[PDB]
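One structure is given here, and the rest of the page talks about it.
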Amino acid sequence: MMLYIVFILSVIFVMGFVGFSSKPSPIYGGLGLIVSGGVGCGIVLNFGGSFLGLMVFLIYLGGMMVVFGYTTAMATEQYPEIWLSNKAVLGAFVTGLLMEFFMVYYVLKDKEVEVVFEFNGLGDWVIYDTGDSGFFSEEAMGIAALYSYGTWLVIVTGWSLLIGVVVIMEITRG
Amino acid sequence: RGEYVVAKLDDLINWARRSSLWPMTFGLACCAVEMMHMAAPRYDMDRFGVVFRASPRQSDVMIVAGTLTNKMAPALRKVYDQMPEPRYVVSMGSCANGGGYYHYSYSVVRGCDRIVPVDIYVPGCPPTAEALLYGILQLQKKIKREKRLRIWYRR
Amino acid sequence: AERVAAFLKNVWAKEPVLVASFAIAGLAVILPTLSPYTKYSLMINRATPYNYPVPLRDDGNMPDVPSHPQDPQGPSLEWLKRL
Amino acid sequence: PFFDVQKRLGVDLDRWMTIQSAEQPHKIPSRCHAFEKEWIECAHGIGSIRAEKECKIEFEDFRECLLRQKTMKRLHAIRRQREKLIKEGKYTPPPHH
Amino acid sequence: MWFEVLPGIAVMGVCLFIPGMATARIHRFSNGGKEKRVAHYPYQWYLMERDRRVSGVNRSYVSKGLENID
Amino acid sequence: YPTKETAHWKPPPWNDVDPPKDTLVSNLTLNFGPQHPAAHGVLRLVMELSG
Amino acid sequence: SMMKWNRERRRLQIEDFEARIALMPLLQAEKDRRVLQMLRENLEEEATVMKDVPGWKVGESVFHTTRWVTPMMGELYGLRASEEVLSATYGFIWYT
Amino acid sequence: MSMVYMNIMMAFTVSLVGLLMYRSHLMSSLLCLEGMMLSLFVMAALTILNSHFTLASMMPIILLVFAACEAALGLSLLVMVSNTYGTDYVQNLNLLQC
Amino acid sequence: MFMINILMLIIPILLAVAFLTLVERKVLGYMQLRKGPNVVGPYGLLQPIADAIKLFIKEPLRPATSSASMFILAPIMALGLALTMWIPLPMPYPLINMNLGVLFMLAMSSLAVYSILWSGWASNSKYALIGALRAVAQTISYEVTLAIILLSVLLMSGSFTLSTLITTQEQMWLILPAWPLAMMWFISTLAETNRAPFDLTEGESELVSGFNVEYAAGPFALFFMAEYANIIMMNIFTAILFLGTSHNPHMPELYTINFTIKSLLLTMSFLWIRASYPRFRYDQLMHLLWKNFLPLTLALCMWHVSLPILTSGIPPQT
Amino acid sequence: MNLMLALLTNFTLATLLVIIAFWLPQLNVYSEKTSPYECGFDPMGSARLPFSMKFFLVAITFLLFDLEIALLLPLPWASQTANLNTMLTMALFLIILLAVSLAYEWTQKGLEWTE
Amino acid sequence: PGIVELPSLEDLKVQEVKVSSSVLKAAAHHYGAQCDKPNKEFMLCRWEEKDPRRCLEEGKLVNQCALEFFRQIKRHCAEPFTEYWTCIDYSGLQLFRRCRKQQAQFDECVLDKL
Ligand SMILES: CCCCCCCCCCCCO[C@@H]1O[C@H](CO)[C@@H](O[C@H]2O[C@H](CO)[C@@H](O)[C@H](O)[C@H]2O)[C@H](O)[C@H]1O
Ligand code: SF4
């Protein structure tokens, strides 16, 4: 059951998505986007994405905090909706979860499922790299290279953020 | 023997409760000043474990320290009801004890025991800081005599 | 240029945090040039061997490549030892 | 590109990451480096119309090295047969399996 | 007096010293008296997994030396 | 081409400045005291607050 | 002080890395034999599992090219106890 | 494809359906946007981390940089929509029908 | 034997926290010309054990308007995450050795803030909500500066590993080559831990306990335990970053001695700072972090990018 | 396994304390005890009414600044590159570009809360 | 596609070098100098061929040279050596730094014996 960690985490990843995609109050929607973002670290972490896993988690953590601040200010209501207090949200939540359960049951039972496209259920471990042994994480080398190689990416991203600050000033100040 | 076990689990919880009373920060009038003096360096209520806490939910004891007017009565009963059990009320001063020097007024409640159940009555107008401390230590001896578990074992 | 030499006093009077930060920033952008040691940093990062140093197929035309690791050809790091 | 300025000005703005067989930091090789390199050399200079028909073998291998779709069906068949013979008590694994 | 605050600090300190002392003792206990091997990079893991095979008892912390060469 | 489903559409403003609403973006009303350390024990300070 | 100490730490890192460069030929020789050893065992104990299957060719490559293709964890550890697979797969990531 | 993809892509599709099916609050529809990029983030990393294609390890990072920019750009527009109507409801944004 | 090692970590932490609630009361008393607890046991040594027992046999009130699930969820998440930010800490051997320890600590301190946000929201009370949103304002104030200040110091260590910081500081502490970052790091730890002068999410003189004004008994203790566990953790992390202690593998205990001493002296300075200053206004907190610390934190980040390059003292990746 | 056990133990303990906290004491619940707290007087309106955000602009800019720090954490590794000329220039370019972004926001009165 | 060619388990057999990691690291700077010809010849083949099934005989001569290296240590001064790698073995990171006093014995002995 430990050889299927990456599958179990992915299942929770989807379950978290159905939580906020059915769209309850943004308070619980953000909660489901925190769980998906944390097990998103888990999936990326098992593949060797230690830095990448923690960066999406850390970035999405501060992102939802601002969304919680904004929800109380602008997207609230006397009776915040949860997944069990609205026929439309409960329908979306149940429709999503059942759709996932049938995927999990079939892929596990038959070691393969064909939800439109063929997927192989032997386990995610079958594809990993067998060999490696260097004093470094190839992930960090790639990210660290952003400054010696990706000069062009640095400029367009850095410029976009600077224009991003000017943009939000103009938009809000009317 | 079970009677022994409850006798020592009841000494215990009584010790815990009396050794850590957190009064609600709540003073109505003059008598609040002597209540500050009980917390001031000379008497140091903190050395006994007593710590004022603003929220009623985090409080154990209500010291009624001042006159209770008819306007104030609904609020004193609201905050009292919002204290988790077990909760104890200390009536401090003559105004809280029984109207005191506004007893015959039209806007005063003639004793806080008309509104909340009182455990200790500290007399004085105001009770000196040491007289209030005598009352608090008298409440601790009252908790020390409670027998919740001993009475449950014989239910 | 007394106008700026007095403009420094005013800002130094009102907002010394900005004065400190800009001066620190200026040095972070300027001293890299004016240093006899900035060249070494490149040298040392290129002396750290992360991969295998793969051997060449000797063909009798490359007397500049040492036949043994303890041979007196190839590059030295004695500059790094005594650095 | 639509306006192929990069080749005109000789500045590599973004070609260095388009393929995974390019120069990489510390000469770390990609897993399917050889499978890509062969497909790129085979189909270089002949155009996509000819490449889609002439370099088919190299691209099929490259596609195989990436998504291992054929490798995992072979593995799946072996496990499915093996887990069938065990349930029938016909096959015995050695100590090292 | 201020020195009557020290009994609390002592009990605190001796509670903060235990977490670090237990880790060193247990790591030493469960690795044959040696520090737990650190593997920050795939290379050290390879050497670790190799030590486990070279040990012949499936413990990576059991070290074989010259006496093991034949 | 007028239609029942467009019988209530109206021409837009001349300058494209739809009139401002009269939404009662009301404030939060909070009881500050009596039971409050800063209220001196007997002050009910009602406060309309914008944030 | 952080100049001198960091320079020293760089010389200690070079020393650590050189030692690795001395032993890599040995660990590469062992790794080659280990990989081939495991593949041969899988093949031997995979012709017997599927002797009764029609159309199966034991050991047939999925790749048209005859080049040597590094096996993935599934091929190399396909028929082994989950004890070994888990250590081989997530052992390093999960180590502490 | 591997069985991890079956669920990462199933996450993207749900968040896409979630976006295309509005309810009331505009905020909720901005969280579906963020849901997509998260799934797109995870999908890229697995492919890039598994292929050992190192130089694209900076790709998921650059994805996040412009992900928050749309989050920022959306929240700027949601503030101005709220100030006008006191709510983020999308039903109110219907002046331009005519 | 790992599970035994977790308990030898968790249990002392709870005991240390229980008695930091006594050392604090005592130090604040003597700094105020009084005595603090000295009745309930010799020198008030049993005062923590009457606090703790009393809270757990007191009925816990779940507000009528509260959201039951997330009201209960929030406290568990607080004490749960507070104990987690200890496992990477090297003392001198960490429970879990992480190649990215410092990030994992930033990530957990970001996720910990959602205990306050949900507890205040789940309370469905105006004072709870007002305090809960003072946690939002506070996090926006210190996170950008907290991350950069950490970054500017790792450019001297050369890695995110927390144990590597010990090898970095084997000659001299990092408070000599970075006393400006240290000064700002200390302030941001106060604001991260919600400690005076930055105790704005509770603000008793303002909001009557703030975010946890509806909690009682055990659920309220878990918020009180969690906050004090983070005081110790952030000062243990502070003793590592800037006051590196020398580690001797053959006699590791000596590290823990000098290490614990430095984390009590820092943990005392939180207590000392509480008795000495008034409270900030939560809008004056962002201007402190954004219009003073942040400009100087950016300027020192460029400085600590240049300095290793223009002096040849770039630390090893290892 | 070692890390997951640490997480499982940490949160199980918290859950056990909350479980003991809720089932151990003697409960006595009635309508007035559980009413929302607001200093002894009945609250006016809901706690779920809108609560204006006066730092709404700074909160947005936090997201973008939050992303910058994610572009700078690779810096300790980026300094180990043999191509230090390019790294240093592009490193001081993001920080200065970030610094300018703060200057424009600061000067244009974007940091000051609305009134 | 054809049958993946594979060597016989007979020809994959060699007398392995069974000395733990600390033994190798402690005897690495000398190993690099003494067994550099079979090692560098094997490694050149290993990139040149890009196939492990080819460079197998050369992967034997790497082992046999390693065994001879550790044998010369055993015959002469294996006591300064065992005093050395036991100090490397102790460290969690196996640090050369924490044992320069035990290293000088081993270094100077081979500078006399061999
Ligand atoms: C609004 C946009 C603002 C963007 C601001 C960007 C400012 C960047 C200023 C340059 C920073 C780096 O400055 C540059 O660094 C390198 C090494 O790192 C320095 O040092 C180098 O110079 C020469 C180059 O052949 C050599 O001696 C050696 O490679 C090295 O010492 C250079 O002297 C300097 O030109
Ligand atoms: S009892 Fe005396 S001191 Fe107290 S409030 Fe009444 S008049 Fe004032």
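Chain B uses Swiss-Prot numbers throughout; the residues present, in order, are 62-216.
Each Cβ is built from the backbone N, Cα and C atoms, and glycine gets one as well.
So that you can see what the record holds, here are the features copied from Swiss-Prot:
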| type | residues | note |
| --- | --- | --- |
| BINDING | B:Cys91, B:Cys92, B:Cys156, B:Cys186 | [4Fe-4S] cluster binding site |
| MOD_RES | B:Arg114 | hydroxyarginine |
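The 6 Å Cβ screen around ligand 2 retains B:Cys91, B:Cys92, B:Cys156 from the recorded positions B:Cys91, B:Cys92, B:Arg114, B:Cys156, ordered by sequence position. DSSP assigns the residue listed as 'hydroxyarginine' to a strand. The residues near the [4Fe-4S] cluster site, meaning same-chain residues not in B:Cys91, B:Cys92, B:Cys156, B:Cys186 whose C-beta sits within 8 angstroms of the mean position of the site's C-beta atoms, are B:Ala90, B:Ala126, B:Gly127, B:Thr128, B:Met153, B:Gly154, B:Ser155, B:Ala157, B:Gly161, B:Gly185, B:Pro187, in sequence order. In the three-state DSSP reading, B:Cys186 ([4Fe-4S] cluster binding site) counts as coil.
Of all the binding-site residues given, namely B:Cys91, B:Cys92, the one with the smallest number of surrounding CB atoms inside 10 A is B:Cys91. The Cβ neighbour count for B:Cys156 ([4Fe-4S] cluster binding site), using a 10 Å radius and every protein chain shown, is 29. When the binding-site residues B:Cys92, B:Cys156, B:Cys186 are compared by Cα distance to B:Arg114 (hydroxyarginine), the shortest distance belongs to B:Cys92. All protein chains included, B:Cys186 ([4Fe-4S] cluster binding site) registers 12 other Cβ atoms within 10 Å of its own Cβ. Around B:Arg114 (hydroxyarginine), taking its Cβ as the centre, 19 other Cβ atoms fall within 10 Å, counting all chains.
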